[PDB]
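Participant: Would you mind keeping the following structure in view while I ask a few things?
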2 protein chains.
Amino acid sequence: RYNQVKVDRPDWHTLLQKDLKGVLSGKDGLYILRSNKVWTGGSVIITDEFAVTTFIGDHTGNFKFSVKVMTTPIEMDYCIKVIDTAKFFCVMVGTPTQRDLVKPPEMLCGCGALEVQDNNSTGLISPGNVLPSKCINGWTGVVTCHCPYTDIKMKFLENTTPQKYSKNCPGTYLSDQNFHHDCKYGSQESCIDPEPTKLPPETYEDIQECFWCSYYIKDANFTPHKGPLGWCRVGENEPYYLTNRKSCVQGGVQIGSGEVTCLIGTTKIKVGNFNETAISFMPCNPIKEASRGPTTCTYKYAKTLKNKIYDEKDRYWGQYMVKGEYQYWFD
Amino acid sequence: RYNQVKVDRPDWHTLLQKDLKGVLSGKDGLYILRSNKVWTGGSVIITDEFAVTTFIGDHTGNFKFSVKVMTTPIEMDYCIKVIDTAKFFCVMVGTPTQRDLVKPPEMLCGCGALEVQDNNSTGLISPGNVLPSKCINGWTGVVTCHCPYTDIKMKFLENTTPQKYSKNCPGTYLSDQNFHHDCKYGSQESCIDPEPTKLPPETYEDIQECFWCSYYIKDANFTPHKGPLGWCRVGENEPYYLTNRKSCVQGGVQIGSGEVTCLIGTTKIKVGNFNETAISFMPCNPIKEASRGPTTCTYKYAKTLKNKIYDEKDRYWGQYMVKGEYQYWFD
Ligand SMILES: *[C@@H]1O[C@H](CO)[C@@H](O[C@@H]2O[C@H](CO)[C@@H](O[C@@H]3O[C@H](CO[C@H]4O[C@H](CO)[C@@H](O)[C@H](O)[C@@H]4O)[C@@H](O)[C@H](O)[C@@H]3O)[C@H](O)[C@H]2NC(C)=O)[C@H](O)[C@H]1NC(C)=O
Ligand SMILES: *[C@@H]1O[C@H](CO)[C@@H](O[C@@H]2O[C@H](CO)[C@@H](O[C@@H]3O[C@H](CO[C@H]4O[C@H](CO)[C@@H](O)[C@H](O)[C@@H]4O)[C@@H](O)[C@H](O)[C@@H]3O)[C@H](O)[C@H]2NC(C)=O)[C@H](O)[C@H]1NC(C)=O
Ligand SMILES: *[C@@H]1O[C@H](CO)[C@@H](O[C@@H]2O[C@H](CO)[C@@H](O)[C@H](O)[C@H]2NC(C)=O)[C@H](O)[C@H]1NC(C)=O
Ligand SMILES: *[C@@H]1O[C@H](CO)[C@@H](O[C@@H]2O[C@H](CO)[C@@H](O)[C@H](O)[C@H]2NC(C)=O)[C@H](O)[C@H]1NC(C)=O
């Protein structure tokens, strides 16, 4: 139990008049620490690099405590010895040199700062006082504590084999839109080198909904474009996967936040002039407008951007019928 | 007078019973010719290489004649001598060695054929028996007669200096359309190397009527083409001069004998499809057609050839409005 000396608990009275210092009894033995006691009323606070213990003794000579932990110890319990008498009790339990753990427990090191030895140059464990409970999918090496004033080196976590996967800790990352990414040395809590997960080939017919250019495609119909594109969700209530990388600027036209409402399949979209003098084809299908009032000339028309022409040529004239900011198609 | 022996005329009776032969008395003297007489009734025909004389003597011993000329003689008269008596009369006068003459008189050479010596390789005087009265603008050299049986060489025409121009004989040629051409060694009768006469520069505004592609331009308006073109007449009742050489095939379109009537300025023309799949612009202005019956859509239209488009773009659509074999322009 990482203890060596028999534990004797003084009374509340002996605790007060006597001097107390924090100690570290292991297999090697007791290590003295520079402790300063504080007692005015019914409160006794011993402050140490390792921890801060508050002694509240209002009982019939009995004493109780609580501990604020500055640094977790390894393979040695943090006890309190009475100076000049054998009364030695043990307050803090301590923890082993935990090794080979994915999602390690948060181990504090206050006395000084941690030194990391990342094999494979993982650059995963951030430096400083604390070792967070960051999920560690793949990592190898040793993390050690240190303190300049007293050279105490404590091994918190050594990984020999890389345990890549944990049940509650994938090697994947999910964005806020459930966008599936793959982490080379990271998890959901902290992910190194995320690379989107590509959708499996030949399962495009299976996919239901896609997302692209700030617009959520409904039912994956995009008649003016090659199926599929963007981030696509297979089934429902599942994450999205990367399919086809297409720019949101087909020439000098931008999808979203635009002057001109049109259609990419069923989904209603807005389109705006990126380049004023860019001559390219509209990236969406047009909206029809019935102008047959009071047969006569019946045409259908759609609003269009400057120098931008929808793909449909007028049948009657075999030519792109445009005048002003409108395109027409006669019956 | 190219004669040497005193002229004595026999009676009609002496002429008949006696033998007669043709002679050539010059400065050198008399040359005998192989003559054969013919006498049945009142007709005496002496046949010679030089000439054929018919003697008709029904008078009181008087005799008269006429002469068919086979070969003109030079510097010696052709007389008839009576064989065995001194009676020698002279029938044909003869002609000198004419030289330096533009439009020389027609000189016959029957006995043989002419040999030409064209200096400057004119190739103007055609070979053979006759020397026509071809107008000779520029020529130098000698033309001589010859006869194989009897070697008589007679100089008909020697040119020393080239007399290029005669009052009734220009060095120009006029076509049936009064198309002015210029002859290097020819006249209107016979023209060598004709080269059209170009119209003087800067007198294009002055010219009235032009001719091009089987169509006579009236008043030299050709609005779809650069003024002027073809053969143009300055003033009136004057010849035409060569201005601008333009093909009658602007792409795959032919002026004249065509399906489609149109206009090159004021003149009405016909146009036909040279190349079925040639894509070029019409070479004429279109004809308008009022289709405003029972406001409404009013358009004007002109018939056009396959893949041929008139220059006028429709104003309303800024595009070449074509459907079938018709082009339209809306008001
Ligand atoms: C949309 O894209 C356009 C094309 O990229 C942007 O403007 C054009 O940009 C190109 C190159 O980026 C320029 O090309 C240069 O042209 C000059 C000659 O320019 C001048 O002369 C021409 C002919 O008269 C005239 O059209 C121009 O307006 C200039 O007056 C060359 O010397 C260079 O080497 C190079 O080839 C274009 O000139 C430029 N202008 C035009 C009208 O295309 C445009 O700015 C973009 N729009 C936005 C909002 O960014
Ligand atoms: C009017 O002019 C036209 C163009 O001069 C005449 O027909 C065309 O003539 C050109 C050359 O004289 C040919 O060019 C050759 O093309 C072949 C390839 O030909 C084949 O493949 C193409 C593409 O599919 C297809 O369009 C053709 O019809 C052929 O099936 C090359 O291998 C040669 O090296 C050369 O480049 C054209 O192919 C030919 N045809 C067409 C449709 O343009 C036409 O005949 C003229 N009209 C009259 C009445 O004379
Ligand atoms: C990190 O890199 C090493 C290679 O540099 C990977 O494999 C190790 O290779 C060395 C040299 O042969 C062996 O001694 C180690 O035992 C190997 N590690 C094993 C087998 O786990 C190693 O797999 C890499 N780690 C990660 C997480 O990618
Ligand atoms: C024909 O060609 C000659 C040149 O080969 C032209 O000029 C003659 O030149 C020779 C050589 O100097 C002179 O001896 C002649 O007297 C020149 N002829 C003249 C002066 O008439 C000649 O002009 C040409 N003729 C034509 C009709 O073009």
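Going through the structure tokens in order, the chains are called A, B, and so on, while each chain numbers its residues from 1 and the ligands are numbered from 1 in the order shown.
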Please report as a Markdown table every residue of chain B lying within 8 Å of chain A, along with the nearest atom pair and their distance in Å (one decimal), using only C-alpha atoms.
Facilitator:
```
| residue | atom | partner | partner_atom | distance |
| --- | --- | --- | --- | --- |
| B:297 | CA | A:297 | CA | 7.7 |
| B:316 | CA | A:323 | CA | 7.8 |
| B:317 | CA | A:323 | CA | 6.3 |
| B:321 | CA | A:317 | CA | 6.9 |
| B:322 | CA | A:317 | CA | 6.9 |
| B:323 | CA | A:317 | CA | 6.3 |
```
Participant: Extract, using only C-alpha atoms, all DNA, RNA and protein residues at most 10 Å from residue 77 (chain B), discarding same-chain residues fewer than 4 positions from it, and format them as a ChimeraX atom specification.
Facilitator: /B:1-4,23-26,30,72-73,90-95
Participant: Write a file of the just-selected residues containing N, CA, C and O atoms, as an mmCIF file, in the first residue's frame.
Facilitator:
```cif
data_model
loop_
_atom_site.group_PDB
_atom_site.id
_atom_site.type_symbol
_atom_site.label_atom_id
_atom_site.label_comp_id
_atom_site.auth_asym_id
_atom_site.auth_seq_id
_atom_site.Cartn_x
_atom_site.Cartn_y
_atom_site.Cartn_z
ATOM 1 N N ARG B 1 8.478 54.520 -163.059
ATOM 2 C CA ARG B 1 7.217 53.784 -162.993
ATOM 3 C C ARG B 1 7.427 52.273 -163.027
ATOM 4 O O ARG B 1 6.501 51.522 -163.343
ATOM 5 N N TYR B 2 8.650 51.850 -162.688
ATOM 6 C CA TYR B 2 9.046 50.436 -162.655
ATOM 7 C C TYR B 2 8.781 49.732 -163.985
ATOM 8 O O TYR B 2 8.300 48.602 -164.030
ATOM 9 N N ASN B 3 9.105 50.406 -165.082
ATOM 10 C CA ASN B 3 8.964 49.831 -166.409
ATOM 11 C C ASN B 3 10.215 50.151 -167.211
ATOM 12 O O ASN B 3 10.928 51.118 -166.930
ATOM 13 N N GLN B 4 10.482 49.332 -168.224
ATOM 14 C CA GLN B 4 11.721 49.533 -168.959
ATOM 15 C C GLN B 4 11.530 49.500 -170.467
ATOM 16 O O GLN B 4 12.218 50.227 -171.192
ATOM 17 N N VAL B 23 5.242 38.739 -167.748
ATOM 18 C CA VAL B 23 6.609 39.196 -167.544
ATOM 19 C C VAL B 23 6.619 40.201 -166.384
ATOM 20 O O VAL B 23 5.575 40.696 -165.958
ATOM 21 N N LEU B 24 7.821 40.488 -165.863
ATOM 22 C CA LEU B 24 8.061 41.421 -164.749
ATOM 23 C C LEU B 24 9.198 42.410 -165.057
ATOM 24 O O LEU B 24 10.342 42.163 -164.667
ATOM 25 N N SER B 25 8.899 43.527 -165.730
ATOM 26 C CA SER B 25 9.920 44.513 -166.099
ATOM 27 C C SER B 25 10.177 45.508 -164.975
ATOM 28 O O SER B 25 9.268 46.239 -164.577
ATOM 29 N N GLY B 26 11.410 45.533 -164.464
ATOM 30 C CA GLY B 26 11.776 46.456 -163.405
ATOM 31 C C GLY B 26 12.931 47.332 -163.850
ATOM 32 O O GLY B 26 13.066 47.616 -165.045
ATOM 33 N N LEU B 30 13.249 42.521 -167.582
ATOM 34 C CA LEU B 30 12.191 41.521 -167.792
ATOM 35 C C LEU B 30 12.460 40.121 -167.207
ATOM 36 O O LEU B 30 13.498 39.516 -167.490
ATOM 37 N N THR B 72 0.949 40.330 -155.328
ATOM 38 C CA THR B 72 1.317 41.692 -155.698
ATOM 39 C C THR B 72 2.817 41.725 -155.997
ATOM 40 O O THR B 72 3.595 41.058 -155.307
ATOM 41 N N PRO B 73 3.265 42.478 -157.013
ATOM 42 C CA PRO B 73 4.712 42.515 -157.277
ATOM 43 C C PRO B 73 5.353 43.751 -156.663
ATOM 44 O O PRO B 73 4.652 44.726 -156.375
ATOM 45 N N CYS B 90 1.505 46.415 -171.085
ATOM 46 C CA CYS B 90 1.599 46.256 -169.636
ATOM 47 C C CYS B 90 0.225 46.355 -168.976
ATOM 48 O O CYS B 90 -0.470 47.366 -169.129
ATOM 49 N N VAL B 91 -0.169 45.302 -168.263
ATOM 50 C CA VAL B 91 -1.502 45.198 -167.668
ATOM 51 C C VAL B 91 -1.546 45.582 -166.187
ATOM 52 O O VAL B 91 -2.328 46.447 -165.789
ATOM 53 N N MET B 92 -0.702 44.973 -165.355
ATOM 54 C CA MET B 92 -0.700 45.251 -163.920
ATOM 55 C C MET B 92 0.334 46.314 -163.569
ATOM 56 O O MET B 92 1.443 46.316 -164.110
ATOM 57 N N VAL B 93 -0.035 47.216 -162.654
ATOM 58 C CA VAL B 93 0.851 48.326 -162.307
ATOM 59 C C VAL B 93 1.926 47.920 -161.295
ATOM 60 O O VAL B 93 3.097 48.278 -161.453
ATOM 61 N N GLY B 94 1.559 47.232 -160.216
ATOM 62 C CA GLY B 94 2.522 46.890 -159.184
ATOM 63 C C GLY B 94 2.591 47.927 -158.069
ATOM 64 O O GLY B 94 1.996 49.004 -158.139
ATOM 65 N N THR B 95 3.370 47.610 -157.028
ATOM 66 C CA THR B 95 3.488 48.461 -155.843
ATOM 67 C C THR B 95 4.912 48.484 -155.290
ATOM 68 O O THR B 95 5.680 47.539 -155.509
#
```
Participant: If you measure from CA of residue 144 (chain B) to CA of residue 96 (chain B), what distance in Å do you get, rounded to one decimal?
Facilitator: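 Going from CA of residue 144 (chain B) over to CA of residue 96 (chain B) covers 13.0 Å.
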Participant: Pull the closest atom pair for each residue of chain A that gets at most 9 Å from ligand 1, along with the distance in Å to one decimal, counting only C-alpha atoms and all ligand atoms, ordering rows by chain and then ascending residue number, as JSON lines.
Facilitator:
```
{"residue": "A:252", "atom": "CA", "partner": "ligand 1", "partner_atom_place_in_ligand_line": "1 (C)", "distance": 7.5}
{"residue": "A:273", "atom": "CA", "partner": "ligand 1", "partner_atom_place_in_ligand_line": "49 (C)", "distance": 8.7}
{"residue": "A:274", "atom": "CA", "partner": "ligand 1", "partner_atom_place_in_ligand_line": "49 (C)", "distance": 6.7}
{"residue": "A:275", "atom": "CA", "partner": "ligand 1", "partner_atom_place_in_ligand_line": "47 (N)", "distance": 4.4}
{"residue": "A:276", "atom": "CA", "partner": "ligand 1", "partner_atom_place_in_ligand_line": "49 (C)", "distance": 5.3}
{"residue": "A:277", "atom": "CA", "partner": "ligand 1", "partner_atom_place_in_ligand_line": "1 (C)", "distance": 5.5}
{"residue": "A:278", "atom": "CA", "partner": "ligand 1", "partner_atom_place_in_ligand_line": "1 (C)", "distance": 5.6}
```
Participant: Would you output that residue set with C-alpha atoms, as an mmCIF file, in the first residue's frame?
Facilitator:
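Result saved to part.cif:
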```cif
data_model
loop_
_atom_site.group_PDB
_atom_site.id
_atom_site.type_symbol
_atom_site.label_atom_id
_atom_site.label_comp_id
_atom_site.auth_asym_id
_atom_site.auth_seq_id
_atom_site.Cartn_x
_atom_site.Cartn_y
_atom_site.Cartn_z
ATOM 1 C CA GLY A 252 -17.683 34.062 -61.318
ATOM 2 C CA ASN A 273 -22.202 38.080 -58.849
ATOM 3 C CA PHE A 274 -18.639 37.310 -57.783
ATOM 4 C CA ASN A 275 -17.072 38.833 -60.892
ATOM 5 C CA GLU A 276 -18.997 41.696 -62.518
ATOM 6 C CA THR A 277 -17.635 40.953 -66.019
ATOM 7 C CA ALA A 278 -17.353 37.156 -65.768
#
```
Participant: Could you list, as a list in words, all the residues within 6 Å of ligand 4, counting only C-alpha atoms and all ligand atoms?
Facilitator: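 Based on only C-alpha atoms and all ligand atoms, ligand 4 is surrounded within 6 Å by residues 120, 138, 139, 161 and 162 of chain B.
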Participant: Create the file for the chosen residues now, containing C-alpha atoms and written as a PDB file, in the first residue's frame.
Facilitator:
```pdb
ATOM      1  CA  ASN B 120      11.314  42.110-130.367  1.00  0.00           C
ATOM      2  CA  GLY B 138       4.186  48.544-132.554  1.00  0.00           C
ATOM      3  CA  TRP B 139       6.312  46.347-134.774  1.00  0.00           C
ATOM      4  CA  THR B 161      11.147  52.607-136.275  1.00  0.00           C
ATOM      5  CA  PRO B 162       8.084  51.432-134.307  1.00  0.00           C
TER       6      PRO B 162
END
```
Participant: Just give me the gap between CA of residue 14 (chain B) and CA of residue 48 (chain B) in Å, one decimal is fine.
Facilitator: 20.7 Å
Participant: What's the separation between atom 30 (O, counted along the ligand's line) of ligand 2 and CA of residue 280 (chain B), in Å to one decimal place?
Facilitator: 20.9 Å
Participant: Sort by chain and increasing residue number a table of all residues of chain A within 12 Å of ligand 3, each with its closest pair of atoms and their distance in Å to one decimal, counting only C-alpha atoms and all ligand atoms, and write it as JSON lines.
Facilitator:
```
{"residue": "A:118", "atom": "CA", "partner": "ligand 3", "partner_atom_place_in_ligand_line": "1 (C)", "distance": 9.9}
{"residue": "A:119", "atom": "CA", "partner": "ligand 3", "partner_atom_place_in_ligand_line": "1 (C)", "distance": 6.7}
{"residue": "A:120", "atom": "CA", "partner": "ligand 3", "partner_atom_place_in_ligand_line": "1 (C)", "distance": 4.7}
{"residue": "A:121", "atom": "CA", "partner": "ligand 3", "partner_atom_place_in_ligand_line": "1 (C)", "distance": 8.5}
{"residue": "A:122", "atom": "CA", "partner": "ligand 3", "partner_atom_place_in_ligand_line": "27 (C)", "distance": 8.4}
{"residue": "A:124", "atom": "CA", "partner": "ligand 3", "partner_atom_place_in_ligand_line": "27 (C)", "distance": 11.7}
{"residue": "A:136", "atom": "CA", "partner": "ligand 3", "partner_atom_place_in_ligand_line": "27 (C)", "distance": 10.4}
{"residue": "A:137", "atom": "CA", "partner": "ligand 3", "partner_atom_place_in_ligand_line": "27 (C)", "distance": 8.4}
{"residue": "A:138", "atom": "CA", "partner": "ligand 3", "partner_atom_place_in_ligand_line": "27 (C)", "distance": 4.7}
{"residue": "A:139", "atom": "CA", "partner": "ligand 3", "partner_atom_place_in_ligand_line": "27 (C)", "distance": 5.4}
{"residue": "A:140", "atom": "CA", "partner": "ligand 3", "partner_atom_place_in_ligand_line": "27 (C)", "distance": 6.7}
{"residue": "A:141", "atom": "CA", "partner": "ligand 3", "partner_atom_place_in_ligand_line": "25 (N)", "distance": 10.2}
{"residue": "A:159", "atom": "CA", "partner": "ligand 3", "partner_atom_place_in_ligand_line": "21 (O)", "distance": 10.1}
{"residue": "A:160", "atom": "CA", "partner": "ligand 3", "partner_atom_place_in_ligand_line": "21 (O)", "distance": 7.6}
{"residue": "A:161", "atom": "CA", "partner": "ligand 3", "partner_atom_place_in_ligand_line": "21 (O)", "distance": 5.1}
{"residue": "A:162", "atom": "CA", "partner": "ligand 3", "partner_atom_place_in_ligand_line": "27 (C)", "distance": 5.1}
{"residue": "A:163", "atom": "CA", "partner": "ligand 3", "partner_atom_place_in_ligand_line": "27 (C)", "distance": 7.9}
{"residue": "A:164", "atom": "CA", "partner": "ligand 3", "partner_atom_place_in_ligand_line": "27 (C)", "distance": 7.1}
{"residue": "A:165", "atom": "CA", "partner": "ligand 3", "partner_atom_place_in_ligand_line": "27 (C)", "distance": 10.9}
{"residue": "A:171", "atom": "CA", "partner": "ligand 3", "partner_atom_place_in_ligand_line": "27 (C)", "distance": 11.7}
{"residue": "A:183", "atom": "CA", "partner": "ligand 3", "partner_atom_place_in_ligand_line": "27 (C)", "distance": 11.8}
{"residue": "A:184", "atom": "CA", "partner": "ligand 3", "partner_atom_place_in_ligand_line": "28 (O)", "distance": 8.5}
{"residue": "A:185", "atom": "CA", "partner": "ligand 3", "partner_atom_place_in_ligand_line": "27 (C)", "distance": 7.5}
{"residue": "A:186", "atom": "CA", "partner": "ligand 3", "partner_atom_place_in_ligand_line": "27 (C)", "distance": 10.8}
```
Participant: Considering only C-alpha atoms and all ligand atoms, can you say which of B:253, B:210, B:267, B:52 comes closest to ligand 2?
Facilitator: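 Smallest separation from ligand 2 among the options: B:253.
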Participant: Give me the residues near residue 99 (chain A) as number ranges by chain, where near means some atom within 6 Å (using only C-alpha atoms) and where sequence neighbours in that chain fewer than 2 positions away do not count.
Facilitator: A: 101, 157-159
Participant: Produce a file of the selected residues containing N, CA, C and O atoms, as a PDB file, in the first residue's frame.
Facilitator:
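Result file selection.pdb:
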```pdb
ATOM      1  N   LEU A 101      -2.635   3.275 -20.651  1.00  0.00           N
ATOM      2  CA  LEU A 101      -4.016   3.680 -20.434  1.00  0.00           C
ATOM      3  C   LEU A 101      -4.478   4.683 -21.477  1.00  0.00           C
ATOM      4  O   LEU A 101      -3.809   5.692 -21.722  1.00  0.00           O
ATOM      5  N   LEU A 157       2.870   8.630 -16.477  1.00  0.00           N
ATOM      6  CA  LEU A 157       2.297   7.747 -17.489  1.00  0.00           C
ATOM      7  C   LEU A 157       3.302   7.341 -18.552  1.00  0.00           C
ATOM      8  O   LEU A 157       3.878   8.198 -19.231  1.00  0.00           O
ATOM      9  N   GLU A 158       3.536   6.035 -18.652  1.00  0.00           N
ATOM     10  CA  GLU A 158       4.422   5.448 -19.645  1.00  0.00           C
ATOM     11  C   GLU A 158       3.594   4.545 -20.549  1.00  0.00           C
ATOM     12  O   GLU A 158       2.898   3.649 -20.063  1.00  0.00           O
ATOM     13  N   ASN A 159       3.670   4.774 -21.856  1.00  0.00           N
ATOM     14  CA  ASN A 159       3.001   3.934 -22.840  1.00  0.00           C
ATOM     15  C   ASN A 159       4.050   3.145 -23.608  1.00  0.00           C
ATOM     16  O   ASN A 159       4.961   3.733 -24.199  1.00  0.00           O
TER      17      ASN A 159
END
```
Participant: Please return as JSON, numbers by chain: the residues of region 60-191 of chain A that backbone DSSP assigns to strand (DSSP E).
Facilitator: {"A": [64, 65, 66, 67, 68, 69, 77, 78, 79, 80, 81, 82, 88, 89, 90, 91, 92, 107, 108, 115, 116, 117, 118, 119, 130, 131, 140, 141, 142, 143, 144, 145, 154, 155, 156, 157, 158, 159, 172, 173, 174, 180, 181, 182]}
Participant: So that I have them on file, write out the residues from the current selection with C-alpha atoms, as a compact mmCIF listing (two decimals), in the first residue's frame.
Facilitator:
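The resulting file, selection.txt, is reproduced below:
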```txt
# COMPACT_ATOMS: atom_id res chain seq x y z
CA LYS A 64 -10.92 14.97 10.73
CA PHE A 65 -9.51 16.50 7.56
CA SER A 66 -9.84 17.24 3.83
CA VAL A 67 -7.21 17.66 1.13
CA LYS A 68 -6.62 20.09 -1.73
CA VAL A 69 -4.25 18.33 -4.11
CA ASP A 77 1.57 7.91 0.36
CA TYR A 78 1.58 11.52 1.59
CA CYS A 79 1.36 11.35 5.38
CA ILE A 80 1.89 13.90 8.16
CA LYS A 81 4.48 13.32 10.88
CA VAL A 82 4.50 15.13 14.21
CA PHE A 88 2.72 9.63 12.40
CA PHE A 89 -0.65 9.37 10.60
CA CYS A 90 -1.36 9.13 6.86
CA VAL A 91 -3.79 11.47 5.07
CA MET A 92 -3.32 11.12 1.28
CA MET A 107 -2.75 13.62 -12.76
CA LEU A 108 -1.70 16.91 -11.14
CA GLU A 115 8.46 16.80 -19.15
CA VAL A 116 7.09 14.77 -22.06
CA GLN A 117 8.92 12.17 -24.17
CA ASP A 118 6.70 11.60 -27.24
CA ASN A 119 7.91 8.71 -29.35
CA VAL A 130 -1.39 19.43 -15.34
CA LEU A 131 -1.81 16.16 -17.27
CA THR A 140 3.95 6.01 -26.82
CA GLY A 141 6.60 7.34 -24.42
CA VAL A 142 6.90 8.70 -20.86
CA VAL A 143 5.51 11.75 -19.03
CA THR A 144 7.41 12.76 -15.88
CA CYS A 145 6.99 15.44 -13.21
CA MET A 154 7.75 11.11 -10.73
CA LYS A 155 6.62 8.89 -13.64
CA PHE A 156 2.93 9.60 -14.22
CA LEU A 157 2.30 7.75 -17.49
CA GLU A 158 4.42 5.45 -19.65
CA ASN A 159 3.00 3.93 -22.84
CA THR A 172 -12.60 9.86 -35.03
CA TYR A 173 -13.85 13.42 -34.65
CA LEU A 174 -17.36 14.70 -35.32
CA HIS A 180 -16.97 12.66 -39.91
CA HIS A 181 -13.19 13.25 -39.70
CA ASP A 182 -10.38 10.78 -38.92
```
Participant: Do a neighbour search on region 225-242 of chain A at 7 Å with only C-alpha atoms, toss out local chain neighbours closer than 5 positions, and write the hits as a PDB file with N, CA and C atoms, in the first residue's frame.
Facilitator:
```
ATOM      1  N   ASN A 178     -22.053  16.875 -37.584  1.00  0.00           N
ATOM      2  CA  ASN A 178     -21.796  15.435 -37.635  1.00  0.00           C
ATOM      3  C   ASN A 178     -20.876  15.072 -38.798  1.00  0.00           C
ATOM      4  N   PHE A 179     -20.061  16.031 -39.235  1.00  0.00           N
ATOM      5  CA  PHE A 179     -19.101  15.816 -40.309  1.00  0.00           C
ATOM      6  C   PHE A 179     -18.003  14.880 -39.798  1.00  0.00           C
ATOM      7  N   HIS A 180     -17.941  13.665 -40.346  1.00  0.00           N
ATOM      8  CA  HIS A 180     -16.966  12.664 -39.906  1.00  0.00           C
ATOM      9  C   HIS A 180     -15.546  12.975 -40.383  1.00  0.00           C
ATOM     10  N   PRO A 196     -10.874  14.380 -43.263  1.00  0.00           N
ATOM     11  CA  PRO A 196     -12.244  13.903 -43.472  1.00  0.00           C
ATOM     12  C   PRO A 196     -12.283  12.463 -43.966  1.00  0.00           C
ATOM     13  N   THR A 197     -13.319  11.743 -43.538  1.00  0.00           N
ATOM     14  CA  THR A 197     -13.523  10.363 -43.953  1.00  0.00           C
ATOM     15  C   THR A 197     -14.280  10.370 -45.269  1.00  0.00           C
ATOM     16  N   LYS A 198     -13.684   9.779 -46.297  1.00  0.00           N
ATOM     17  CA  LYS A 198     -14.343   9.716 -47.590  1.00  0.00           C
ATOM     18  C   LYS A 198     -15.482   8.698 -47.561  1.00  0.00           C
ATOM     19  N   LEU A 199     -16.538   8.986 -48.321  1.00  0.00           N
ATOM     20  CA  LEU A 199     -17.663   8.067 -48.390  1.00  0.00           C
ATOM     21  C   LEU A 199     -17.237   6.822 -49.171  1.00  0.00           C
ATOM     22  N   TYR A 204     -23.317   5.610 -53.371  1.00  0.00           N
ATOM     23  CA  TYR A 204     -23.859   6.936 -53.644  1.00  0.00           C
ATOM     24  C   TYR A 204     -25.367   6.872 -53.832  1.00  0.00           C
ATOM     25  N   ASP A 206     -27.312   4.867 -52.332  1.00  0.00           N
ATOM     26  CA  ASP A 206     -27.786   4.712 -50.956  1.00  0.00           C
ATOM     27  C   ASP A 206     -27.913   6.035 -50.183  1.00  0.00           C
ATOM     28  N   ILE A 207     -27.016   7.006 -50.412  1.00  0.00           N
ATOM     29  CA  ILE A 207     -27.026   8.229 -49.598  1.00  0.00           C
ATOM     30  C   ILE A 207     -28.304   9.045 -49.801  1.00  0.00           C
ATOM     31  N   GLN A 208     -28.766   9.687 -48.721  1.00  0.00           N
ATOM     32  CA  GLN A 208     -30.005  10.454 -48.741  1.00  0.00           C
ATOM     33  C   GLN A 208     -29.816  11.962 -48.904  1.00  0.00           C
ATOM     34  N   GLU A 209     -29.181  12.618 -47.925  1.00  0.00           N
ATOM     35  CA  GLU A 209     -29.032  14.069 -47.904  1.00  0.00           C
ATOM     36  C   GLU A 209     -27.573  14.506 -47.943  1.00  0.00           C
ATOM     37  N   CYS A 210     -27.295  15.577 -48.688  1.00  0.00           N
ATOM     38  CA  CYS A 210     -25.947  16.112 -48.843  1.00  0.00           C
ATOM     39  C   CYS A 210     -25.936  17.584 -48.413  1.00  0.00           C
ATOM     40  N   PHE A 211     -24.748  18.111 -48.081  1.00  0.00           N
ATOM     41  CA  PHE A 211     -24.568  19.520 -47.712  1.00  0.00           C
ATOM     42  C   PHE A 211     -23.460  20.158 -48.541  1.00  0.00           C
ATOM     43  N   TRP A 212     -23.725  21.342 -49.099  1.00  0.00           N
ATOM     44  CA  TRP A 212     -22.731  21.997 -49.942  1.00  0.00           C
ATOM     45  C   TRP A 212     -23.044  23.484 -50.111  1.00  0.00           C
TER      46      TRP A 212
END
```
Participant: I'd like the neighbourhood of residue 248 (chain B) as an mmCIF file with N, CA, C and O atoms, in the first residue's frame, where a residue qualifies if any of its atoms comes within 7 Å (using only C-alpha atoms), though same-chain residues fewer than 5 positions away should be ignored.
Facilitator:
```cif
data_model
loop_
_atom_site.group_PDB
_atom_site.id
_atom_site.type_symbol
_atom_site.label_atom_id
_atom_site.label_comp_id
_atom_site.auth_asym_id
_atom_site.auth_seq_id
_atom_site.Cartn_x
_atom_site.Cartn_y
_atom_site.Cartn_z
ATOM 1 N N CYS B 213 -20.148 40.825 -111.415
ATOM 2 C CA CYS B 213 -20.870 39.558 -111.202
ATOM 3 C C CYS B 213 -22.181 39.459 -111.985
ATOM 4 O O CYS B 213 -23.251 39.210 -111.423
ATOM 5 N N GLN B 254 -22.868 32.782 -104.212
ATOM 6 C CA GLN B 254 -22.677 33.260 -105.582
ATOM 7 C C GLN B 254 -23.697 34.301 -106.025
ATOM 8 O O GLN B 254 -24.909 34.078 -105.925
ATOM 9 N N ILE B 255 -23.195 35.404 -106.575
ATOM 10 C CA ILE B 255 -24.032 36.476 -107.106
ATOM 11 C C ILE B 255 -24.555 36.111 -108.491
ATOM 12 O O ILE B 255 -23.783 35.762 -109.393
#
```
Participant: Taking into account only C-alpha atoms and all ligand atoms, which residue in the set B:102, B:111, B:287, B:279 is nearest to ligand 2?
Facilitator: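 Of B:102, B:111, B:287, B:279, the one nearest ligand 2, counting only C-alpha atoms and all ligand atoms, is B:279.
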